Amino acid sequence: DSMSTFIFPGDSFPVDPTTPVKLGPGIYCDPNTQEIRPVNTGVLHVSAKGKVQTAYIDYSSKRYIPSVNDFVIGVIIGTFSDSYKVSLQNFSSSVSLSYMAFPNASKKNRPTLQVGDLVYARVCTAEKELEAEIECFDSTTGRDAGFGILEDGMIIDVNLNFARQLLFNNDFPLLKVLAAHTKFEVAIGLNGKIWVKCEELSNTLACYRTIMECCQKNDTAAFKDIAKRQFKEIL
Amino acid sequence: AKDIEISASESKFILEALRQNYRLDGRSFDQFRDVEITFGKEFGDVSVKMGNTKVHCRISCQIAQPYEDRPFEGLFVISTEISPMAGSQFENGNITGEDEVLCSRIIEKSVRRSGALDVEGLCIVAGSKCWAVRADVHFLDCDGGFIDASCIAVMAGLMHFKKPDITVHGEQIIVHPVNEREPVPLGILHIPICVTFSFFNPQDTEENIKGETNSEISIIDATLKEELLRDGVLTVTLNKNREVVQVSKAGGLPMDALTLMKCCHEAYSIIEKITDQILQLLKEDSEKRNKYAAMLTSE
Amino acid sequence: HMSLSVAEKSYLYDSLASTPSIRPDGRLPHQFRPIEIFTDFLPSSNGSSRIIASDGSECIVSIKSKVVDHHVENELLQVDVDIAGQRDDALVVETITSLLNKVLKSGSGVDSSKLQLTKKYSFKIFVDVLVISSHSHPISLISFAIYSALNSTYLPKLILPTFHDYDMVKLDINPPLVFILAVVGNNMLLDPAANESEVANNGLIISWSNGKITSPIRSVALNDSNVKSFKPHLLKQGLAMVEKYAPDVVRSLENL
Amino acid sequence: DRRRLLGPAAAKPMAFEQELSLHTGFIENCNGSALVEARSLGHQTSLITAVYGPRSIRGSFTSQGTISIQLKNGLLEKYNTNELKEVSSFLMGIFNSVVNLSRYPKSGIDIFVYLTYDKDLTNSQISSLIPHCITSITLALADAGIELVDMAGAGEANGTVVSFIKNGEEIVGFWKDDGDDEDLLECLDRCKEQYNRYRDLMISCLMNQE
Amino acid sequence: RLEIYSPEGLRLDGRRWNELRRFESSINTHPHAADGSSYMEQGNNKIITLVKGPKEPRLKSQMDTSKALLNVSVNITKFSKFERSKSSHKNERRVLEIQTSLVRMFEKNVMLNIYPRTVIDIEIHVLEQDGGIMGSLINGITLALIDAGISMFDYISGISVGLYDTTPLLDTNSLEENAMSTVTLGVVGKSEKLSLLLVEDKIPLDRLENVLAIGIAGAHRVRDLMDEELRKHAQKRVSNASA
Amino acid sequence: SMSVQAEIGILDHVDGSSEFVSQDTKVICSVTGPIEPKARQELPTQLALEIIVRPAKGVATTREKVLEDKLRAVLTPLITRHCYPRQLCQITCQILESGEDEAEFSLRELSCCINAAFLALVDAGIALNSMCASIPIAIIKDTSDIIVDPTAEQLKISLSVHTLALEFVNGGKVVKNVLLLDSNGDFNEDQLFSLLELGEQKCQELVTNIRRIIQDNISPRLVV
RNA sequence: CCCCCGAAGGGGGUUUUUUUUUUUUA
Ligand code: NA
Ligand code: NA
Ligand code: NA
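X-ray crystallography is the method the PDB entry states for this structure, with the resolution given as 2.650 Å.

The name given to chain E in the PDB entry is Exosome complex component SKI6, and the organism recorded there is Saccharomyces cerevisiae. Reading the Sequence similarities entry of the UniProt record for chain E gives the comment "Belongs to the RNase PH family."

The PDB entry annotates chain D as Exosome complex component MTR3 of Saccharomyces cerevisiae. Looking at chain D in UniProt, the text filed under Sequence similarities is "Belongs to the RNase PH family."

Is there a simple way to think about the overall build of chain E in this case?
When helices and strands are counted, chain E shows 4 helices and 10 strands. Reading chain E from its N end, one meets helices and strands in the order β-β-β-β-α-β-α-β-β-α-β-β-β-α. Relative to the 2.2 N^0.38 estimate, which gives 18 Å for 243 residues, the radius of gyration of chain E is 18 Å and therefore close to what a compact globule would have. Overall, chain E is about 55 × 45 × 35 Å in size when its C-alpha atoms are taken along their principal axes. Nonlocal contacts in chain E, meaning residues at least 24 apart in sequence, comprise 69% of its contacts between residues at least 6 apart.

Help me understand the packing of helix α2 (residues 107-124) of chain F against helix α4 (residues 189-218) of chain F, please; the structure alone is not making it clear to me.
Each packed pair of helices is defined by two parameters, the angle between the axes and the distance between the axes. All names here are of chain F. Where α2 meets α4, the closest approach of the two axes is 12 Å, and the angle between their N-to-C directions is 35°. Where α2 crosses over α4, the two elements pack in a sense that is right-handed. Here α2 contributes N115, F118, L119 and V122 to the contact with α4, which in turn contributes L206, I210, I214 and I218. Class assignment of the residues belonging to the contact of α2 with α4 gives a composition of 7 nonpolar, 1 polar and no charged.

Hey, could you run me through the coordination of the sodium ion (ligand 2) in this one?
Between any two of four tetrahedral donors, the ideal angle at the metal is 109.5 degrees; between two of six octahedral donors, it is 90 or 180 degrees. All names here are of chain E. Around the sodium ion (ligand 2), the protein contributes the donor atoms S157 (N), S157 (OG), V187 (O), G189 (N) and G189 (O), which lie 2.5 to 3.0 Å from the metal centre. Donor residues for the sodium ion (ligand 2), ordered by position in the chain, follow S-x29-V-x1-G. In this structure, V187 and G189 share a single accessibility class: buried.

Would you take a moment to explain the side chain of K109 of chain B for this structure?
For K109 of chain B, the location among the structural elements is in helix α2 (residues 98-112). A residue is classified by how much of its surface remains accessible, and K109 of chain B, at 1% relative accessible area, is buried. Here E97 of chain E takes part through its side chain, which lies 2.7 Å from a polar atom of the side chain of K109 of chain B. For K109 of chain B, the side chain forms a polar contact with the side chain of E200 of chain E, separated by 3.1 Å. Excluding its chain neighbours within four sequence positions, the residues that come into contact with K109 of chain B are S114, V245 and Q246 of chain B together with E97, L198 and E200 of chain E.

Sorry if this is basic, but what is going on with the interface of chain E and chain B here?
Listed by partner, the interface residues are 32 residues for chain E and 47 residues for chain B. In this assembly, chain E packs against chain B so that about 3,600 Å² is buried in total across both faces, 56% of it on carbon and sulfur atoms. Looking at the side of chain E facing chain B, the largest losses of area belong to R104, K193 and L205 of chain E, adding up to 22% of the total buried there. At the surface where chain E touches chain B, the tally comes to 12 salt bridges. With a closest N to O distance of 3.2 Å, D99 of chain B and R104 of chain E form a salt bridge. At the junction of chain E and chain B, the tally comes to 23 residue pairs in polar contact. Broken down by element, the side of chain E that touches chain B gets its largest block of residues, 9 residues, from helix α1 (residues 93-106) of chain E.

Sorry, what's going on with the sheet that holds strand β1 (residues 35-39) of chain C here?
Pairing between the strands of a sheet is mediated by backbone hydrogen bonds and can be parallel or antiparallel. Residues and elements named next belong to chain C. Taken in spatial order, the 5 strands line up as β1-β2-β3-β5-β4 in an open sheet, and their pairing is mixed. With one partner strand each, in any of the chains shown, β1 and β4 (77-83) form the two edges of the open sheet. Each adjacent strand pair in this sheet contributes to an overall mean axis angle of 20°, direction not counted. Both strand β2 (residues 47-53) and strand β3 (residues 58-69) contribute to a ladder of 6 bridges, which runs antiparallel. Each bridged residue has a counterpart across the sheet, and for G47 the counterpart in β3 is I63. Contacts from helix α3 (residues 139-150) reach β1, β2, β3, β4 and β5 (121-133) within the one sheet, and its direction differs from that of β3 by about 55°.

In this structure, what is going on with helix α1 (residues 160-168) of chain A? I would like to understand it.
All names here are of chain A. Among all positions in α1, only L160, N161, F162, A163, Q165 and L166 are buried. Buried residues belonging to α1 abut β6 (53-58), α2 (174-179), β14 (185-189), β15 (193-197), α3 (201-216) and α4 (223-231). By the N-cap criterion, in which a side-chain oxygen at the helix start approaches the backbone nitrogen of a residue two or three places on, α1 is capped by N159, the distance to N161 being 3.1 Å.

Could you clarify how one ought to interpret the packing of aromatic side chains in this entry?
For any two aromatic rings, the description comes down to two numbers: the centre-to-centre distance and the angle of the planes. Here the structure, examined in full by the defined rule, presents 19 aromatic pairs over all chains. Centre to centre, the rings of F172 of chain A and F223 of chain A are 5.5 Å apart; their planes meet at 85°, and the pair counts as edge-to-face. Taken together, the residues span a long stretch of sequence, with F172 of chain A in the loop between α1 and α2 and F223 of chain A in helix α4 at a distance of 51 residues. Like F223 of chain A, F172 of chain A is buried. Cluster of aromatic residues (ring-pair linked, three or more members): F71, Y120 and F147 of chain A. Its guanidinium or amino end placed over the ring of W175 of chain D, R218 of chain C lies 3.4 Å from that ring's centre, counting from NZ or CZ. Over the ring of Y155 of chain E we find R223 of chain E; its NZ or CZ atom is 5.1 Å from the centre of that ring.

Looking at this model, I keep getting lost on the protein's contact with RNA strand G. Mind explaining?
Residues in close proximity to RNA strand G include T79, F80 and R110 of chain A together with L12, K81, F82, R117 and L175 of chain E, which together make up its full environment. Atoms of RNA strand G within 4 Å of the protein: sugar and phosphate make up 35%, bases the balance. Contact distances for RNA strand G include 3.4 Å between a sugar or linking oxygen and a backbone N or O atom of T79 of chain A. Interatomic distance of 2.8 Å between a backbone N/O atom of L12 of chain E and a base oxygen of RNA strand G.

Is there a simple way to explain the interface of chain B and chain F in this structure?
The figure often quoted for interface size is the accessible area lost as the parts come together. Each side of the interface is counted separately: chain B has 29 residues, and chain F has 28 residues. When residues of the side of chain B that touches chain F are traced back to their parent elements, those giving at least two are β3 (53-64) and β6 (129-141) of chain B. Ranked by residues supplied to the side of chain B that touches chain F, first place goes to β6 of chain B with 5 residues. Each residue belonging to the side of chain B that touches chain F can be placed in one class, and the counts come to 7 nonpolar, 10 polar and 12 charged.

Which parts of the structure should I look at to understand the side chain of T237 of chain B?
Summarising the element assignment, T237 of chain B is placed in strand β13 (residues 232-238). Once residues within four sequence positions are removed from consideration, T237 of chain B is found in contact with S110, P192, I193, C194, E243, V244, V245 and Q246 of chain B.

Explanation requested: helix α5 (residues 232-244) of chain C in the structure shown.
Helical geometry note: an α-helix holds 3.6 residues per turn, so side chains three or four residues apart project in the same direction. Taking 1.5 Å of rise per residue, the 13 residues of α5 of chain C would be expected to cover 18 Å, and the 18 Å separating its terminal C-alpha atoms lies within 8% of that figure. Contacts made by the buried residues of α5 of chain C are with β8 (177-184), β9 (187-190) and β10 (202-208) of chain C together with β8 (170-176) and α3 (184-208) of chain D.

How should the pairing of β3 of chain C be read in this particular structure?
On any regular strand, side chains alternate: one points to one face of the sheet, the next to the other face. Burial within β3 of chain C is extensive, with 9 of its 12 residues counted as buried. If you look at the hairpin formed by β2 of chain C and β3 of chain C, you'll find 4 residues sitting between the two strands, and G56 of chain C has a positive phi there, around 110°.

Calculation criteria
- Residues numbered from 1 in each chain as written, not as in the entry; some residues may be left out.
- Chains lettered and ligands numbered in written order.
- Part of a larger assembly, values for the part shown.
- Heavy atoms only, no water.
- Residues with missing side-chain atoms left out of burial classes, pairs and counts.
- UniProt positions renumbered as here; feature names shortened; annotations may be inferred.
- Helix = DSSP H or I, 4+ residues; strand = E, 2+ residues; numbered from the N terminus.
- Rg over C-alpha atoms; globule rule 2.2 N^0.38 Å.
- Contact = heavy atoms within 4.5 Å.
- Axes fitted to C-alpha atoms, helices over the stretch in contact; angles between N-to-C directions.
- Left-handed = near helix turned anticlockwise from the far one by under 90°.
- Nonpolar A, V, L, I, M, F, W, Y, C, P; charged D, E, K, R; others polar.
- Donors = N, O, S within 2.8 Å, 3.2 Å for Na, K, Ca; no water.
- Buried < 20%, exposed > 50% of the residue type's maximum accessible area, 1.4 Å probe, protein only.
- Polar contact = N/O pair within 3.5 Å; in protein donor to acceptor, adjacent residues only side chain to side chain.
- Buried area = accessible area lost by both parts, 1.4 Å probe.
- Salt bridge = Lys/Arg side-chain N within 4 Å of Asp/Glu carboxyl O.
- Pairing = 2+ DSSP bridges.
- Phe/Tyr/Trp six-rings, centres within 6.5 Å; stacked < 30°, edge-to-face > 60°.
- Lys NZ or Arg CZ within 6 Å of the ring centre and 35° of its normal.
- Near = heavy atom within 4 Å.
- Expected span 1.5 Å × (residues − 1).

So this is what it looks like as structure tokens:
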């Protein structure tokens, strides 16, 4: 339960059988045997309870797989009749972004996004049989939900764990040690993409360098130091 | 398609960074990457590391028959077949590709045709036998600079390699395992080293074709991010004899001739360091091998 | 040209099958289209020719030579065909190559004795064809270019063989001509245009040498849309038509 | 060769009127198949055809069927590639005259002719081999359920191969490659007799077998 | 060994160190085969260049929504040399390198971006060869592309310069290309900027710049020649078309 | 007795990567996936595999094709393919050193290829049905002994050579299935089953060691 | 965004061959 435990694919699942458990990433329900089996190597994670506990396996991954309610940063790679063709990651299957999927959008009023533009969006549909769909608005009300174009910044490739940790964990010091040196705008994409823009190009470059170096290092406490050495503006 | 999707913000960012004399990895424009050359196991096995770029070369030889046209020369081939291991943008063995053909041709002109290897020293007997030396490059990780890394790997490998001693009695030859007789190195005449300059156009094409005050930016040993955004590329191969082994500016952004000359000279400045480094590392390898033998003969 | 509509094909066919046949440009069944030929423009080669047709079809032929032992090389004449836009692997290119090689076989295509230098050595003739452009079956085009090239071919003069440094002897030989005919209904057409070839029921390749209807003779589909069978009397018509209207092509090509 | 085991490169190769049997439908992984074996005095041949199709084609929409014909050397590399492709082209013409292509838009019919055996004890043999190719291809096409306006037949005489349809009234194929000079009419007659016999045998095979 | 450069300052063909070979060009030589075309003679080099396009892409792949596709086909005929080559050259790595070189040369000169969703096929036939063939290819391409009416920023003049000992020799023939290292230059217009710079054999660094100096100059002359033809061919076919 | 060297996450521009070393056999493997497949590779209901094996010397041949075939036979039931319909997994193995006489044997290379591929698949984050481990085994000419992890020398005098790749579940205690058994040479049934028992034990050892190697460098990447 | 209508609808982003060792040395 509360104690997270390392686990390999094929290992025996150690949660309570009588207790109902909703299954997240890492845990696979075999279609033929109806057995609950782990399929990813990593840390097994069981949430407290509520109404049913979530069992999921946090595993090291670099390749993003679209799931609903995810905040992603894509790049427009194509224009269609009623949608944009978007790339969330190189070599991955593209994602659709409806023309209707914008605030104050009608058939007469179209969005002004071109090929090569950065878009910050929410994965609204991620069916296993269909192409994934993203959106740049509140699907309910139809108004702006903090989504849209990202202009003149710099993008940073990062592993999924780092990005998830960056968006959800508030005890993560990278944003804090960055704020200690300069003012910056940041967009966090669970697809492993981090967008950063400062007023000065120098500062944005510094942010880029320190974020990537922080990404390569497993130790969290080092960050501050790195940031220092990076904002000392060495070459 | 397998295309690398680059965004407008990224292109503009890197280009603007070049305008403000900045490179992403913190190098100056004329700064070649720290070359890490590592030998291991048998002779002719070398690993070369330029920053994140990782290549591996394996030298080998086998007895064969000399070509009918060339009676006194041995056989030497170099293979540089890319794989998806370096990156998914590469298709498995597209030898007919632009950058593939270019790379292969540059390496071939740098090493195989420059006479860097003594081919006539490979000949065992003029009529029936000769050595067939092979240099197989394995591209492990791509962050740019594959041509240079390949050249360094191939050369270091060829110089590190040793073929088994043999002797000849007419029709027949006698080949030896290491215990029988010590192996002997190949005939290296010179050490060709390649340096690749990348050219960026900060302004518009009109300024490049019909504009004064040439603002064309040149950098050395571009990374993958830099290589993907460049408008031009030059590869210059030189040796410590101040010889231009070869030069390849196969189109791209038109550059002023004087700038290209300056590039050649700076490249020489770099190949000095690289050559001395190769020789040094080689001698250290041999010395450590000898001292190991000395540690083996007496417990 | 190619890819005509069904209406166009029906019109053209009806005109070409009527009696007498009405050809799209008003040509007589035995009339050729205007062509012009240039020779001796490639100095490096022993012979050379260039032929241009009115429809744009252009071909270039080079004649080169090399000394060979008859005993090791029984074939003293080799035809290599290169058509632009077509790979060397292509079916039509190898078909044309084979055909031409057979028309020019040293066996009886041409007189082998004219090539002999010594009882052990001779000149092998390399005929290199480069079809720059073609809108119909280029076999006659190529054949004519080769004829012109061979009739203006010069070889080094013999005096192991040694040769005169400055003086050269004109290669004397009667090169064969290959003719192509379109079978449309009950009508035979010489020098078929592209549009004519698009609706032709069939085709006839007929070789010709020293004033005689010689082999190879082929039936050839000029298309894949309207390939139909034909009666033997048509074949006889084609042969008679060639041997009737061939000596004038020969005298037209051989007058320099 | 990187896709084949050709062994050492240093090595060099070692230098040193007729009865008919017709059968169809013995090859299971194709649509049509035909075995044709011929036996004349001091001369024996045998070849097999396989019709794969109607299959899909790569490229733009085609209004009719597209036929391909592939001749494969059997045992001995007996013939030149150019001549094989030439004969292939000839046969393509013939069966472009015979097959009902209108029925098969955006579709390809691939025919393979394996020349397994061709040993004639008598001491340019392509000509004598063509009519059996045509026989086998017609048989295999009829076996594949590929529509034919007629049964393409053929005969050979004095280096002259002539392929007929419609009871020998009209010509779908004519091949003449040296093989001496004789008048056309008797070659036509002999080849027509061969054609008629082959036709009878083929329909017979198509009535005892299919 | 023989007097490549006599003390009198003459070469085997009778040229001096800084003189081009005979250079003649013809435009619109194949109006029924291509949109643009050029027949070119440089010394003994005889080349046919055909430009087909801009036109609809053969495949519905190879189609670019932002720019035209540029392809170059170099056919070195088997009869281009004195000794006929029994082997085709079409798939040789040398020819592929030449092709990609020419493509990447004219990608930066031809305004491909104003011809999106089109393909421009360049078809070249080398009828005769006598050294310095690369520059010849370049010139042929320039001529034919201009004849096609396809927009470009400037001329690109191709030339070759050999290096005999201390002295550089302009526009080398076959004999000079052997027993000597050569530099090929693709010069943009009248500028000092190089589209192409090719060195395939060893050359002393300290003497390279000098080799370029004459080369550029030579290329300029070549430009002046090509230009001189075009204008004439223009002046002729703009006056006769009138009335 | 049997000690191996193994590293994880050594390549930058792939999703997963591994380096496997046993004796003198050295193989580096990379994995990219799940990514978009080309139309000819695409499968409607499951993951498609593109598998590549490169030799240490020379250029890829039919030998490496057979290696790819057997590697595919091992990795296919290993991967939970139905989790990634219409997707591709790119698996490439570069043999750095054969550690065996290439002309006569390739079992060391195969085994190390399987191990490295498994490790890289783990590093990539791709759903696996279970764990896996492969070892080379030889039977010698005169001694007729069964040597696990035989040297090149031992191979030269071998009477038979064997590749044993086993599938493990439940902490590496249970043998789910035999993924691959490639036996070549002269041998009998008794020898075979002795070889299988010893082989299974040694492979279990290898599974344990591999588990430790995996946890050692995966654990620091993750959060408590 | 262009296209009609009139005062919102319907359609569209193009799936070479010039010929007696060694050393220092008036
Ligand atoms: Na079809
Ligand atoms: Na110029
Ligand atoms: Na001058």
